[PDB]
Amino acid sequence: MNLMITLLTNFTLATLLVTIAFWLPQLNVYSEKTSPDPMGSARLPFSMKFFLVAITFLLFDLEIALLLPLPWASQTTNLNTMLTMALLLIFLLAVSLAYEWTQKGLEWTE
Amino acid sequence: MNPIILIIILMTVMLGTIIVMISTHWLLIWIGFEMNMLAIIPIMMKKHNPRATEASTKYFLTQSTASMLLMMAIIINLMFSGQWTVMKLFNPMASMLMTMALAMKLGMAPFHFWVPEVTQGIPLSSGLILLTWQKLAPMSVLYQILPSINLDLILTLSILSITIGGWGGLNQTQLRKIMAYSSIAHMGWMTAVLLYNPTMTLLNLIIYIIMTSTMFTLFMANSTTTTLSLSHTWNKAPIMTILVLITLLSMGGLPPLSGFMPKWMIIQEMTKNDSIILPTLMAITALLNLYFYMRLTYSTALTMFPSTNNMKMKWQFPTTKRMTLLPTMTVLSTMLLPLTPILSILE
Amino acid sequence: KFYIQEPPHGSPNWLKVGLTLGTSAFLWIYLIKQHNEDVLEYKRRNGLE
Amino acid sequence: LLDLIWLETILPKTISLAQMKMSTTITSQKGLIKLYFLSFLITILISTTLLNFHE
Amino acid sequence: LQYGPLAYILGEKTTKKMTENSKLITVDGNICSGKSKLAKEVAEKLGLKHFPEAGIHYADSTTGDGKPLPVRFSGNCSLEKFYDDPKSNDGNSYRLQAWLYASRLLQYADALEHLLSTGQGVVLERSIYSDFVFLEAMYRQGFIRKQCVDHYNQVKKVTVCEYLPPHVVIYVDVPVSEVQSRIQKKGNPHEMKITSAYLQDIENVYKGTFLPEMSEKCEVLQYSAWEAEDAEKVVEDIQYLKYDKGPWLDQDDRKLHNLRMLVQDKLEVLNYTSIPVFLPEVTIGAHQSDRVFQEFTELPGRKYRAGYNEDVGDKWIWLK
Amino acid sequence: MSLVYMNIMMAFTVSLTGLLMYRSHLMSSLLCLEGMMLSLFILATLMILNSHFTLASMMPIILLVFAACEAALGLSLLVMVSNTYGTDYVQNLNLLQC
Amino acid sequence: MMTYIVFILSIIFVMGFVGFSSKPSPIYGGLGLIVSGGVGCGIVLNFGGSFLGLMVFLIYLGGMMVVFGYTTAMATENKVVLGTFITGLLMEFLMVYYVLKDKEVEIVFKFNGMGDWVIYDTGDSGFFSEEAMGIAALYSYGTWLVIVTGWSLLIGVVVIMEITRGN
Amino acid sequence: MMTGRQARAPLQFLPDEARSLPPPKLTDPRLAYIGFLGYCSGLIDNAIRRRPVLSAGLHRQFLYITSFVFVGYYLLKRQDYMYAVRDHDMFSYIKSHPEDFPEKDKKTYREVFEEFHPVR
Amino acid sequence: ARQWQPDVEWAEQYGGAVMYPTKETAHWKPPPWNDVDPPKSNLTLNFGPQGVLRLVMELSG
Ligand SMILES: CCCCCCCCCCCCCCCCCC(=O)OC[C@H](COP(=O)(O)OCCN)OC(=O)CCCCCCCCCCCCCCCCC
Ligand SMILES: Nc1ncnc2c1ncn2[C@@H]1O[C@H](COP(=O)(O)O)[C@@H](O)[C@H]1O
């Protein structure tokens, strides 16, 4: 309950600062104006490279999600099985990265 | 696609279906379905045209929605039983949800509307994988959970599947959509005998896999997609027209062909249980499938549609393809009815 | 010589034909071995000798 | 009048033209994915409420 | 199968043999551009293999006993009747042109098969990118109809998308006057029965579409008549090329392995040559096709698969 | 049973009906699909924590991993469709009717 | 009120799902699903499943919804939205007022109307979270589970590199 | 149907009690029909690749016949085993339930009055 | 005189998308023979002076 009070306080202070930052310089009057970019008006080109690095992040993030309970898994009775599956998961992450390397996946985001 | 990568991906498909078959835990059933879909998506996109991307999009959305309904059915089973054994479900609502999810995975009606599009978009070999291998996993799960299936639900799905898969394929000229509506009809026939005697379900599964395997092996051997392209085989190879004659006549269940065997055993088992009306309406529906198989045979084999001049050049090149087990799959799919009591090996 | 190219089956692949005949003879002798073991096991279990 | 027209019409021809009509109406589909998934929704709602199939 | 995916698994890669000398070069020109000896000289000066120009009997030149078969089993058409009667009744013009395009597709498939299976370059003669230059000339002459051109362009649309264009294209500037001069200096009386506007239509489709549509997706060369008489200067121009066009650059083992698995399957190459479009100029009816196919069963070496015919003396068939 | 279970199931059925009525976008279909996954995660987690069934605590992580890899596969399918047509519209996907 | 805090967060969770399921846009759909993932994580955190809620934040909203917003923001740039929103909100608040007045409701199963604190245990678990030990048993017991999950992720990498290649 | 019986012995093609049964003879009509299916497989195999159908691959047609007889013999063994298990389970259930299968008194036809229906 | 084998028009019956075109399913064109559809660009930037140099790029990503 201390956590939700602290989150409410931080969110409320941030929302208050954002409201003040958007509405204090509106009290100034100065003037009005006309107000008419390296690319002028062209459609946004879809980059395949950015999407490939996003999915590569997502897959290695899932493999991290499998790797996360290792500090609690070292406390087990069954250490040989635990150590074998831990080294197995980190080796499968390395095989994922090596297949990402050698079959030309990390190109122009190297 | 890299051939080593193709072998790894096909073994991942087979591993997913094996994990569905062998496992006693519901999460491992769901994991087997996820592995199956995840590895079968590049098999559909082996050619990388827009039709395969559309077909894999439709297939992915249908199998994903089915897998989410499957996990919801598993989770409600964990409510009402507190355990994970793959056996009967301890809830009517989990039974209805899991039967709907397996109906979306089999492509049974009224969840059938993805089967002809995904069959039409992808190549012939991936269509063969889709229509033969992908029926093995949800029929195994339906084989395991039958003490909880609502009778009226599975019979409604079965007769609606047979009527839609029959009254659909009469119009078609594409060969893959004909195989797709044949798939919908045969899955209706398999699920209708499921609660009465499931050995006949496995018998219809084997005979259907043999007949669809023969038909797509012939379609790969001649590279035919439509009715007319199939009917121009007579001058390229006359024997292939005879083989699609006898196998298309088998798939509608002519006596004494071996495609008559499953539905004859199904009507034999459904009248033991005092259902005379329901296999009667089913056999009345199957005659439409038999009719457009007759129409296709009049197109292909019993008549000879006029060819072009370029066929004379293809006379001088015999087929350099891997027609793997095509005489074996043709002999099994037509001349097997004198061995009808072989069905007891599936007990 | 008749054919302007050497055909893929102008000469028999002796490896493949030897595999064919050897595997077929192996299946026949293994079938007859299993059948004789089956009839002897039948007459040993039922005591019909 | 009988044996080229009426007896020819009554058993095979009405069946023939009716299966032709219903074959056209089953594959009268416009191939749009919104149509089919909306029919899946109508399937789920009719199956739950209209048919007592959850009982 | 001597070649399959198991050959690619066990180590037979296609960029081992693919050196810089394995270049695909096509020399083109009109009916009397005189390139037939230039192709042989360029083939004997660059270490490349030469393919003679495919006609009616190219499939006869590959298959069987090699000799040109009778004109009922192969072709059902002629160049000479096309020259005598170009606006013919039965439609032999487009039938001959479709048979020639099928033979050029078989020739180009043999070219890519040689270039990918041996690594030895191929000098071509009027390849599949330069076959519509005769069809459009026939159509502008009114020798054929519109649906023939649409049929050919459908077949082109479902065939040419799978194949890669050659590296170098050499074009021979010969005007129509010298072409007609060499027509009179040949001595073939059917070939002497050709008018002027047909050669002009071939020239127009050449210089307006073929070199402009290949000047970006390959390296085109354009030379006159007299300067092609020394082939060693042409070989000099070939040896100093900066390749930056065509889809040859972005090729791995896998794309060219897909290409090699495609081109050696002759029926899959020849598949959509005969799309089932009932065009009556090329439509051979069922009784006539029956008759010619049963007589094709009667030829020596054509009854069975080629290693099983007992009218030419195949041995050990009972052990095959 | 519990009432929060009814609310998580109603969340699942709401994202179901949002998935079964396409408007325009394929990304909206994938977001309804992952809302279905999220409600499965919440419901399975509440049942597994509530019964103190210890060995199923590793089950929701496996659910999350498999269905997130499923979503990555869906995003790659959507990007191939976006390369084909330009949008992620579902009315572009009408080729396989014939 | 505070006894009903899991119920309040569940109502906010359903309101978020009706908010984005009416589908204004994939951008605002992702926005509403982010807010719904946070409040559903709060639902998980109020039963003592701290690690699974942090798996929600770290993996779901951390990787997957970030990649959804990443793909949405570079590949895209109503009446029915507001109508479906008020329709779903009227259905949900009818259910809320029913269970407020009746303390019992049946939509598909029968449901309680009490606070959902009533379904707990009153003991202690010693020197471990039970759920922490259950996830720590992924390596010592779940050999087959880790094998099939890691193989599915390796094939996931391979599959994505195949189909995003285009060729 | 009988999956409760073969759930304690899993994945056994032919169990240990199958060897109490008489094996199918090598002159069995079922096995000879499967050999005929092997001959037809050889014929269609020569037909699809344009070989002399009755001469080419005597080794190959003999391999088809040998392989189909070899698989079909074990299939007939499993068939006979499963039907023997079916009759054994049925007869043990009849013996273990005498009260459900009553010995009906077989009436002689002098007591059996069927109504005569005349045909005229 | 001899056995009837079909003409062109009888085989035209099996050469469409469906055997029977109705008024709703009449808009269909037949699919491609090799099952490949046609798929149906480079970026340009204008760097202002914000010495001073106005670069105009033609970028390929
Ligand atoms: C109770 C039941 C329990 C379970 C019983 C067993 C069920 C078994 C079901 C088997 C179904 C097999 C379906 C296909 C499996 C995968 C093989 C495949 O599709 O390979 C495709 C492959 C592609 O090769 P590629 O280089 O891509 O060439 C394509 C064009 N270039 O290669 C090709 O395209 C080659 C073309 C010919 C391939 C023919 C393969 C036939 C195999 C199936 C035989 C029949 C089924 C088995 C017998 C009955 C079993 C019930
Ligand atoms: N439409 C056509 N008209 C005339 N000749 C053609 C046509 N298409 C291909 N050719 C071939 O092109 C050759 C011209 O090249 P050349 O060998 O130099 O005479 C002819 O002899 C024909 O073999």
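In what follows, the accompanying structure is described.

Here is what the cut-offs are and how they apply
- Residues numbered from 1 in each chain as written, not as in the entry; some residues may be left out.
- Chains lettered and ligands numbered in written order.
- Part of a larger assembly, values for the part shown.
- Heavy atoms only, no water.
- Residues with missing side-chain atoms left out of burial classes, pairs and counts.
- Helix = DSSP H or I, 4+ residues; strand = E, 2+ residues; numbered from the N terminus.
- Rg over C-alpha atoms; globule rule 2.2 N^0.38 Å.
- Buried < 20%, exposed > 50% of the residue type's maximum accessible area, 1.4 Å probe, protein only.
- Areas by Shrake-Rupley, 256 points an atom, 1.4 Å probe, with all protein chains shown as cover.
- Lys, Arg positive; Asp, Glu negative; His and termini not counted.
- Charge placed at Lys NZ, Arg CZ, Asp CG, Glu CD.
- Near = heavy atom within 4 Å.
- Nonpolar A, V, L, I, M, F, W, Y, C, P; charged D, E, K, R; others polar.
- Polar contact = N/O pair within 3.5 Å; in protein donor to acceptor, adjacent residues only side chain to side chain.
- Contact = heavy atoms within 4.5 Å.
- Buried area = accessible area lost by both parts, 1.4 Å probe.
- Salt bridge = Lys/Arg side-chain N within 4 Å of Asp/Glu carboxyl O.
- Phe/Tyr/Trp six-rings, centres within 6.5 Å; stacked < 30°, edge-to-face > 60°.
- Axes fitted to C-alpha atoms, helices over the stretch in contact; angles between N-to-C directions.
- Parallel < 35°, antiparallel > 145°, perpendicular 65-115°, else oblique.
- Left-handed = near helix turned anticlockwise from the far one by under 90°.
- Expected span 1.5 Å × (residues − 1).
- Disulfide = S-S within 2.5 Å.
- Pairing = 2+ DSSP bridges.

Observations regarding the overall build of chain I
And step 1. Within chain I one finds 1 helix and 2 strands.
And step 2. In chain I, the order of α-helices and β-strands from amino to carboxyl end is α-β-β.
And step 3. Taken over C-alpha atoms, the radius of gyration comes to 28 Å for chain I, far larger than the 10 Å a tight globule of 61 residues would show.
And step 4. With the C-alpha coordinates aligned to their principal axes, the bounding extent of chain I is approximately 95 × 30 × 15 Å.
And step 5. Within chain I, the fraction of its 61 residues that count as buried is 28%.
And step 6. A total accessible area of about 4,800 Å² is found for chain I, and carbon and sulfur atoms account for 56% of it.
And step 7. Each charge class in chain I can be summarised by its mean position, and for the 5 positive and 7 negative side chains these summaries are 9 Å apart.

Quick notes on the site of ligand 1
Residues and elements named next belong to chain B.
And step 1. Surveying the vicinity of ligand 1 reveals 13 residues, the closest of which are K46, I129, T132, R322 and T324.
And step 2. When ligand 1 sits alone it has 1,100 Å² of accessible area, and the protein chains cover 61% of it.
And step 3. Secondary structure elements with two or more residues in the shell around ligand 1: α6 (124-132) and α10 (198-222).
And step 4. When residues of the shell around ligand 1 are assigned to their parent elements, the largest contribution, 4 residues, is made by α10.
And step 5. Residues belonging to the shell around ligand 1 are distributed by class as follows: 8 nonpolar, 3 polar and 2 charged.

A closer look at the site of ligand 2
Residue and element names in this part refer to chain E.
And step 1. Surveying the vicinity of ligand 2 reveals the residues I31, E53, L79, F82, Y83, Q97, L100, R104, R126, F134, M138 and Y198.
And step 2. For ligand 2, a nitrogen atom lies 3.3 Å from a polar atom in the side chain of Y83.
And step 3. Here a nitrogen atom of ligand 2 and a side-chain polar atom of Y198 are 2.7 Å apart.
And step 4. Taken by itself ligand 2 offers 490 Å² of open surface, and the protein chains cover 84% of this.
And step 5. When residues of the shell around ligand 2 are traced back to their parent elements, those giving at least two are α4 (79-84), α5 (92-117) and α6 (132-140).
And step 6. Across the shell around ligand 2, the residue classes break down as 8 nonpolar, 1 polar and 3 charged.

Quick notes on the interface of chain D and chain B
And step 1. Tallying the contact residues gives 18 residues for chain D and 24 residues for chain B.
And step 2. Together, the buried faces of chain D and chain B total about 1,800 Å²; carbon and sulfur atoms form 72% of this surface.
And step 3. Its largest share of buried area at the contact with chain B, chain D owes to D:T27, D:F40 and D:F53, together 31% of the area lost on that side.
And step 4. The tally of links between chain D and chain B comes to 0 salt bridges.
And step 5. For the interface between chain D and chain B, the tally reads 4 residue pairs in polar contact.
And step 6. Contributing elements (two or more residues each) for the side of chain D that touches chain B: α1 (2-26) and α2 (33-50) of chain D.
And step 7. Residues that form the side of chain D that touches chain B fall into these classes: 8 nonpolar, 9 polar and 1 charged.

Considering the packing of aromatic side chains
And step 1. Enumeration according to the criterion identifies 40 aromatic pairs over all chains in this entry.
And step 2. Ring centres of C:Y30 and H:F70 lie 6.1 Å apart, and the angle between their planes is 50°; this geometry places the pair in the tilted category. Here the residue C:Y30 occupies a position in helix α1 (residues 14-45), and H:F70 occupies one in helix α2 (residues 58-95), the pair thus bridging two chains.
And step 3. The buried category is assigned to H:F70, whose relative accessible area is 18%.
And step 4. Note on H:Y73 and H:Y74: the rings are 5.8 Å apart at their centroids and 85° apart in plane angle, and the pair reads as edge-to-face.

A word on the packing of helix α1 (residues 3-19) of chain F against helix α1 (residues 5-21) of chain G
And step 1. At a closest axis distance of 9 Å, the pairing of α1(F) and α1(G) adopts a crossing angle of 5°. Here α1(G) runs roughly parallel to α1(F), going by the angle between their axes. Residues F:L3, F:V4, F:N7, F:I8, F:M10, F:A11, F:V14, F:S15 and F:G18 of α1(F) touch α1(G), and the partners they reach there are G:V6, G:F7, G:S10, G:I11, G:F13, G:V14, G:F17, G:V18 and G:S21.
And step 2. For the contact of α1(F) with α1(G), the per-class residue count stands at 13 nonpolar, 5 polar and no charged.

Points about the environment of A:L83
Residue and element names in this part refer to chain A.
And step 1. As for its placement among the helices and strands, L83 is situated in helix α4 (residues 79-102).
And step 2. Its relative accessible area of 46% is what places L83 among the partly exposed residues.
And step 3. Note: C-alpha distance between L83 and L70 (13 residues apart in sequence) is 9.4 Å.

Details of the interface of chain G and chain F
And step 1. Taken together, the contacts link 75 residues of chain G with 55 residues of chain F.
And step 2. Taking both sides of the interface into account, the surface hidden between chain G and chain F amounts to around 5,500 Å²; carbon and sulfur atoms contribute 81%.
And step 3. Inspection of the chain G/chain F interface yields 0 salt bridges.
And step 4. For the interface between chain G and chain F, the tally reads 11 residue pairs in polar contact.

Examining the pattern of salt bridges
And step 1. Taken as a whole and judged by the stated rule, the model has 39 salt bridges over all chains.
And step 2. When the shortest N-O distance is used, the salt bridge between H:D45 and H:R49 registers 3.0 Å.
And step 3. According to the relative accessible area criterion, H:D45 is buried, its value standing at 5%.
And step 4. Residue H:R49 is classed as buried on the basis of its relative accessible area, which comes to 17%.
And step 5. When the shortest N-O distance is used, the salt bridge between H:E111 and H:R110 registers 3.3 Å.
And step 6. Where salt bridges share partners, they join C:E37, C:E41, C:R44, C:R45, H:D16 and H:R19 into one cluster.

Observations regarding the packing of helix α3 (residues 50-81) of chain B against α1(F)
And step 1. α1(F) packs onto α3(B) with a crossing angle of 165° between their chain directions and a minimal axis gap of 12 Å. Compared by their axis directions, α3(B) and α1(F) come out roughly antiparallel. Here α3(B) runs over α1(F); the crossing is left-handed. Residue-level contacts link B:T65, B:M68, B:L69, B:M72, B:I76 and B:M79 of α3(B) to F:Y5, F:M9, F:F12, F:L16 and F:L19 of α1(F).
And step 2. The residue makeup of the contact of α3(B) with α1(F), split by class, is 10 nonpolar, 1 polar and no charged.

Some remarks on helix α4 (residues 92-106) of chain B
Residues and elements named next belong to chain B.
And step 1. Along its 15 residues, α4 runs 21 Å from first to last C-alpha, staying within 8% of the 21 Å computed at 1.5 Å per residue.
And step 2. In terms of burial, α4 is a largely internal element, 14 of the 15 residues being buried.
And step 3. Measuring from the side-chain oxygen of the N-cap residue of α4 to the backbone nitrogen of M93 gives 3.5 Å; that N-cap residue is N91.
And step 4. Two residues or fewer past α4, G107 is found with a positive phi of approximately 75°.

Digging into the environment of E:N258
And step 1. With respect to the helices, strands and loops of the structure, E:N258 is situated in helix α11 (residues 253-263).
And step 2. Counting along the chain gives 96 residues from E:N258 to E:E162, while the straight-line C-alpha distance between them is 9.8 Å.

What about the state of the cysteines?
Residues and elements named next belong to chain E.
And step 1. Here the structure, examined in full by the defined rule, presents 0 disulfides over all chains.
And step 2. The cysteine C77 is free of any disulfide, with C148 supplying the nearest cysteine sulfur at 14 Å.
And step 3. For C77, a relative accessible area of 7% puts it in the buried group.

Considerations on the sheet that holds strand β2 (residues 49-50) of chain E
All names here are of chain E.
And step 1. Pairing within the open sheet is parallel, and its 5 strands lie in the order β2-β3-β1-β4-β5. Two strands lie at the open edges of the sheet, namely β2 and β5 (219-223), each paired on one side alone.
And step 2. Pairing between β2 and strand β3 (residues 122-125): 2 bridges, direction parallel. The residue of β3 that forms the bridge with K49 is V122.
And step 3. Against the sheet, α5 touches β1 (24-28), β2 and β3, its axis set at about 170° to β3.

By themselves these figures say nothing about function.
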